[PDB]
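Protein chains: 2
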Amino acid sequence: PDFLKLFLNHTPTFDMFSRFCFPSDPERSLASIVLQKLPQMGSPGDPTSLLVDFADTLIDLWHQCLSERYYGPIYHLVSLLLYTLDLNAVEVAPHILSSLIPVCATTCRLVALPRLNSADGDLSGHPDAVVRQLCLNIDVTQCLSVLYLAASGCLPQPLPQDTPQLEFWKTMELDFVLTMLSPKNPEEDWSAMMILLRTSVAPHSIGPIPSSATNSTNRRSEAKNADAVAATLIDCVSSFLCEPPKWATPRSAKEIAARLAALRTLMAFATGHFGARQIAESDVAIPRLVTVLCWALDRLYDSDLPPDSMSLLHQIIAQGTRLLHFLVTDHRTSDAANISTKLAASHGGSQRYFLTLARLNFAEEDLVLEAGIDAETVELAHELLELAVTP
Amino acid sequence: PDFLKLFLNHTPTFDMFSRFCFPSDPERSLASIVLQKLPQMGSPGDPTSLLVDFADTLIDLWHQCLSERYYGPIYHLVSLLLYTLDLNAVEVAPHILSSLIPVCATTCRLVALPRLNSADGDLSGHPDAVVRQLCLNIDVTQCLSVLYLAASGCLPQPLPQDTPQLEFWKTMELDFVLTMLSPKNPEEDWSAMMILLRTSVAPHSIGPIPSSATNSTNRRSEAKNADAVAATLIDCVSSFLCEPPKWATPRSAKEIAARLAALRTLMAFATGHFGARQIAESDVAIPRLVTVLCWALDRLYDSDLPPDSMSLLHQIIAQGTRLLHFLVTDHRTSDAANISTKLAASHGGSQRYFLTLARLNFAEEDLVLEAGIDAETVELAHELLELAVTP
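As they're listed, the protein sequences go chains F and B. Each residue of the first sequence is one higher than the one before, counting from 644 in the working numbering. Each residue of the second sequence is one higher than the one before, counting from 644 in the working numbering.
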């Protein structure tokens, strides 16, 4: 007696890829069809052709798994996509996204939608159905990881049809973004999405691109769509840096990590002219950003301060003042951001803004600031204070 | 900022295969050399050729990892071997074992040897070296799993050079067996080995085959080797069913699981004529086996009895009496086993043997036995009792 016992003890819990078969044909193993379809893959001389054909066979098998809700072999197919895609992602991903992205979307939604319906996002008992097993069977975080690898593969390289970034995010949909960012999601899935959005910075549109009405393009309509998507994502993302997810314990390092991640994605948007302008014109991004600078500074004086929480707080201060200086000082956004008509902290208005700028300027006098914040940070804060004292 | 943040949050802890590079050439990624060596793989029309070439490239890369003690990418190379091998193992493994087995052996030994040197097998602190990280970095259980998959691939099929089983176990070495079975190993590694030994039942030799002295074969010497290896493995394996590893809590279900596994491997040996004869002639196997039957029966009457512990105990009783009946009753082994000159229980000698046979025969009268042990079990126990009462 050999196989049954390895099947017993082998299950961290792992299962063998050869055992899985579709219930539509329970005597044909997945390994079998992969093998008989294998020698037909790839045109000669093109290894990327082989990778594309192979990843296509994986995605098709996973799509069929979803159709028959046989969720066993999802993990292994995702894993093989991670290896095959990681191999030459910049060449392989643009051929794949058309089918890969909707499969990731529905696969993630199988878990995210009951989470979002769940009171606090916990699946323990509350649905009392096959959903309970469904959370255990499929990992969202690896799916999002395949999406992130495919996005980075599509990202523009240093060296007409749309760029592959642009296809990727035209076929990426916004309600998926907003649900995957819902604070009812766990840490790994949420941070996975916040990181994924950094690859959506296109020259005219951050975030995903809504589908066009006709087969012919409408410049006016798309302009309006880009504008709306931008304002919405910036509202969503900026909301976190003043109010992190519930799983960020409200004094823990994870909170600081989350606020830092939100800030990082806003920076990602600001890399492009369009994203920066949209942040500057946002009615909530800047007063939230000022609010979190005041927050992080005041927490740097915290009664008890134990990744290092302190180092993260200095990253929030340095990178956050970097961003705010970029927005207020650059000519492209100055006339919008610097308006600052009540654009300041939530708790104390313009006063706390000016004060936290001062305390950042006098880094030397405060002992915690002398040994902390960089010199260029003090320089930026000094310029911003020089404009802040009088318009 | 994109990659550094996914690299942060992505690490259960997983790392990306593309990042790994050898310190002998820190600017050449593993993915790169895999890709440029990829289109050269396989002869046309042979998909098994492709799998063999690919697995060879993985094993060579892993051997180079061992040489440079760069232990990062071991997990991923093992994992790809698991998929590629699981795909068509019966056709692919015989081409691989020559290089695969010694790499598994030294890879496992990196962890097993400090464990065996450790007082109770715990690596926490006691070495206080790179060994502490070394246990964390490489998983033995997946390595043993690759060995088990390759063994089952070599196992004889229903449809001169030696059989691929026989090469496998000629190149498998016994001190590796005995160290991997040491009770200082964790549950998963130990049970992985006990399961692996079931594939070593050859027509003239169970266990691994020692290397021959000359290039020309010596039938006499090999005969003696097979005899010695058999007696030793049977002593090792039989020792557990009366004295399980330390991690088997001495009343837990895991203990019963372990004794059951040992018994299963002994059964595996008995499938062959040679193994059965060697068990029968063993000076310790039968009195240990009788001892564990008496044990399991007495524990079936245990004060408190909560996988199901009870079901496992019935598996030990049914399969154990099956084996003992096979040994004592079959003509090939009868004249050796049935001698039974003090060949009985350790605690109470021949008395407890005869008594436990009786209680198994009167299954109906005992309520726990009426609802438990099968009818064929009672039949075998009746025959064995009929010989036991008078020789």
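In this text, a Cβ means the ideal position worked out from N, Cα and C, and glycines have one as well.
Rounded to whole angstroms, what's the CA-CA distance from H1025 of chain F to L967 of chain F? Just pull it up for me.
For the purposes of this step, residue 1025 of chain F is identified with residue 382 of the first sequence, where counting begins at 1. For the purposes of this step, residue 967 of chain F is identified with residue 324 of the first sequence, where counting begins at 1. Using only the alpha carbons, I get a separation of about 12 angstroms.
Would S834 of chain F pass as a contact of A904 of chain F if the rule is Cβ separation under 8 angstroms?
Start at 1 with the first residue of the first sequence, and residue 834 of chain F comes out as number 191. Start at 1 with the first residue of the first sequence, and residue 904 of chain F comes out as number 261. Yes, the pair counts as a contact, with Cβ atoms nearer than the cut-off.
Could you tell me how far apart the beta carbons of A1018 of chain B and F997 of chain B are, in whole angstroms, since I believe they sit closer than 8 angstroms?
Start at 1 with the first residue of the second sequence, and residue 1018 of chain B comes out as number 375. Start at 1 with the first residue of the second sequence, and residue 997 of chain B comes out as number 354. Their Cβ separation, rounded to whole angstroms, is 21 angstroms, which puts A1018 of chain B and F997 of chain B out of contact at 8 angstroms.
Quick one: grab the DSSP three-state call for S983 of chain F.
Stepping through the first sequence from its first residue, residue 983 of chain F is reached at position 340. If DSSP states are grouped into helix, strand and coil, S983 of chain F belongs with coil.
Could you check what DSSP says for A988 of chain F in three-state terms: helix, strand or coil?
Position 345 of the first sequence, counting from 1, holds the residue named residue 988 of chain F. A988 of chain F: strand per DSSP, three-state reduction.
Tell me which same chain residues have a C-beta within less than 7 angstroms of the C-beta of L817 of chain F, skipping the five on either side of it?
Looking up residue 817 of chain F in the first sequence gives position 174. Cβ within range, chain order: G850, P851, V872.
Are any of the Cβ atoms in chain F nearer than 8 angstroms to that of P799 of chain B?
Numbered from its first residue, the second sequence carries residue 799 of chain B at position 156. For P799 of chain B, the answer is no, since every Cβ of chain F falls outside 8 angstroms of its Cβ.
Quick check on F665 of chain B - is its C-beta less than 8 angstroms from some C-beta in chain F?
Along the second sequence, read from residue 1 onward, the residue named residue 665 of chain B stands at position 22. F665 of chain B does not count as touching chain F.
Separation of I929 of chain F from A980 of chain F, as counted between CA atoms:
On the first sequence, residue 980 of chain F is found 337 positions in, with the first residue counted as 1. On the first sequence, residue 929 of chain F is found 286 positions in, with the first residue counted as 1. Approximately 8 angstroms, taken between the alpha carbons.
Mind checking if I838 of chain F is an interface residue toward chain B, Cβ cutoff 8 angstroms exclusive?
Here the question's residue 838 of chain F lines up with position 195 in the first sequence. Chain B, which has a Cβ nearer than 8 angstroms to the Cβ of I838 of chain F, makes this yes.
Which residues, taken in chain order from the stretch 982-1012 of chain F, show a beta carbon closer than 9 angstroms to some beta carbon of chain B?
Going along the stretch 982-1012 of chain F in chain order, one finds no residue with a Cβ nearer than 9 angstroms to chain B.
Pick out the complete alpha helix (DSSP H) segments inside the stretch 848-922 of chain B, 4 residues or longer, and give them in chain order.
Runs of the alpha helix (DSSP H) inside the stretch 848-922 of chain B: 862-885, 896-914.
Report the neighbours of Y791 of chain F on chain B: residues whose CB is nearer than 7 angstroms to its CB, in chain order.
Reading the first sequence from its first residue, position 148 is the one you call residue 791 of chain F. Per Cβ cutoff of 7 angstroms: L649.
Leaving out the 5 sequence neighbours to the left and right, which residues in its chain are closer than 7 angstroms to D696 of chain F when beta-carbon positions are compared?
Here the question's residue 696 of chain F lines up with position 53 in the first sequence. Excluding sequence neighbours, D696 of chain F sits near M684, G685.
Checking 8 angstroms against the spacing of the C-beta atoms, do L909 of chain F and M836 of chain F come in under that value?
The residue labelled residue 909 of chain F in the question sits at position 266 within the first sequence. The residue labelled residue 836 of chain F in the question sits at position 193 within the first sequence. For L909 of chain F and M836 of chain F, no; Cβs fall outside 8 angstroms.
In the structure shown, what three-state DSSP assignment does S741 of chain F receive?
Your numbering for residue 741 of chain F matches position 98 in the first sequence. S741 of chain F: helix per DSSP, three-state reduction.
Residues of chain F with CB under 7 angstroms from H653 of chain B, in chain order?
On the second sequence, residue 653 of chain B is found 10 positions in, with the first residue counted as 1. Chain order gives the chain F residues near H653 of chain B as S788, where near means a beta carbon separation below 7 angstroms.
Distance between beta carbons of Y714 of chain B and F665 of chain B, contact taken as under 8 angstroms:
Stepping through the second sequence from its first residue, residue 665 of chain B is reached at position 22. Stepping through the second sequence from its first residue, residue 714 of chain B is reached at position 71. Contact between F665 of chain B and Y714 of chain B fails: their C-beta atoms lie close to 12 angstroms from each other, not under 8 angstroms.
Quick check: the Cα distance between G796 of chain B and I702 of chain B, rounded to an integer number of angstroms?
Against the second sequence, residue 796 of chain B aligns to sequence position 153. Against the second sequence, residue 702 of chain B aligns to sequence position 59. Straight-line Cα distance between these residues: approximately 17 angstroms.
Who pairs with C708 of chain F in a beta bridge, going by DSSP?
Residue mapping note: residue 708 of chain F aligns to position 65 of the first sequence, counting from 1. For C708 of chain F, which the question treats as bridged, DSSP gives no partner whatsoever.
Hey, quick one: how far does the alpha helix (DSSP H) through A1014 of chain B stretch, first residue to last?
For the purposes of this step, residue 1014 of chain B is taken as the residue at position 371 of the second sequence. Looking at the DSSP string, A1014 of chain B is not in any alpha helix (DSSP H), and its letter there is neither H nor E.
Taking the beta carbon of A869 of chain F as the centre, do at least 16 other beta carbons fall within 10 Å, making it buried, or is it exposed?
As a first step, residue 869 of chain F must be located in the first sequence, where it is residue number 226. By the neighbour-count rule (16 or more Cβ atoms within 10 Å), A869 of chain F is buried.
How would you label residue 602 of chain F, buried or exposed, when you count the other beta carbons within 10 angstroms and need 16 or more for buried?
In this structure chain F extends from 644 to 1034, so residue 602 of chain F is not present and cannot be described.
Strictly under 8 angstroms for the Cβ-Cβ distance: is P644 of chain B near chain F by that measure?
By 1-based counting over the second sequence, the position of residue 644 of chain B is 1. The beta carbon of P644 of chain B sits closer than 8 angstroms to some beta carbon of chain F.
Given a cut-off of 8 angstroms, decide if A961 of chain F and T1033 of chain F are closer than it, judged by their beta-carbon atoms.
Along the first sequence, read from residue 1 onward, the residue named residue 1033 of chain F stands at position 390. Along the first sequence, read from residue 1 onward, the residue named residue 961 of chain F stands at position 318. No; because the gap between Cβ atoms is not below 8 angstroms, this pair is not in contact.
Status (buried if at least 16 other CB within 10 Å, exposed otherwise) for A939 of chain F:
Within the first sequence, the letter at position 296 stands for residue 939 of chain F. Answer is buried; the Cβ neighbour count reaches 16.
Under 8 angstroms, Cβ to Cβ, is there at least one residue of chain F near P851 of chain B?
Along the second sequence, read from residue 1 onward, the residue named residue 851 of chain B stands at position 208. Chain F, which has no Cβ nearer than 8 angstroms to the Cβ of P851 of chain B, makes this no.
Note down, in chain order, every chain B residue with its Cβ under 9 angstroms from the Cβ of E831 of chain F.
Taking the first residue of the first sequence as 1, we reach residue 831 of chain F at position 188. Here the neighbours are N652, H653.
Decide if the stretch 886-898 of chain F is in contact with the stretch 857-869 of chain F; the criterion is three or more beta carbon pairs, one per stretch, under 8 angstroms apart.
In short, these stretches do not touch, since the Cβ pair count stays below three.
Expressed to the nearest angstrom, what Euclidean distance is found between the alpha-carbon atoms of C751 of chain F and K813 of chain B?
Indexing the first sequence from 1 puts residue 751 of chain F at position 108. Indexing the second sequence from 1 puts residue 813 of chain B at position 170. In a straight line, the C-alpha of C751 of chain F is about 49 angstroms away from that of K813 of chain B.
Kindly indicate which residue of F:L673, F:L651, F:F811 has the alpha-carbon position closest to the one of residue 1045 of chain F.
In the structure displayed, chain F extends from 644 to 1034; residue 1045 of chain F sits before or after that span and is not available.
Under the three-state reduction of DSSP, which class applies to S661 of chain B: helix, strand or coil?
For the purposes of this step, residue 661 of chain B is taken as residue 18 along the second sequence, with counting starting at 1. If DSSP states are grouped into helix, strand and coil, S661 of chain B belongs with coil.
Note down the Cα distance separating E831 of chain F from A891 of chain B, rounded to an integer number of angstroms.
Here residue 831 of chain F is taken as the residue at index 188 of the first sequence, counted from 1. Here residue 891 of chain B is taken as the residue at index 248 of the second sequence, counted from 1. Looking at the two C-alpha atoms, the distance is approximately 36 angstroms.
Cut-off 8 angstroms between Cβ atoms - residues of its own chain near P846 of chain B, not counting five sequence neighbours on either side
Looking up residue 846 of chain B in the second sequence gives position 203. Closer than 8 angstroms at Cβ, skipping near neighbours: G915, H916, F917.
I'd like to know if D1017 of chain B contacts chain F, where contact means its C-beta is closer than 8 angstroms to some C-beta of that chain.
In the second sequence, residue 1017 of chain B corresponds to position 374, counting from 1. Chain F contact via Cβ: absent.
Segment contact flag, the stretch 1004-1019 of chain F with the stretch 664-680 of chain B, C-beta cutoff 8 angstroms, min 3 pairs:
By the Cβ criterion, the stretch 1004-1019 of chain F is not in contact with the stretch 664-680 of chain B, since fewer than three pairs of Cβ atoms, one from each stretch, lie closer than 8 angstroms.
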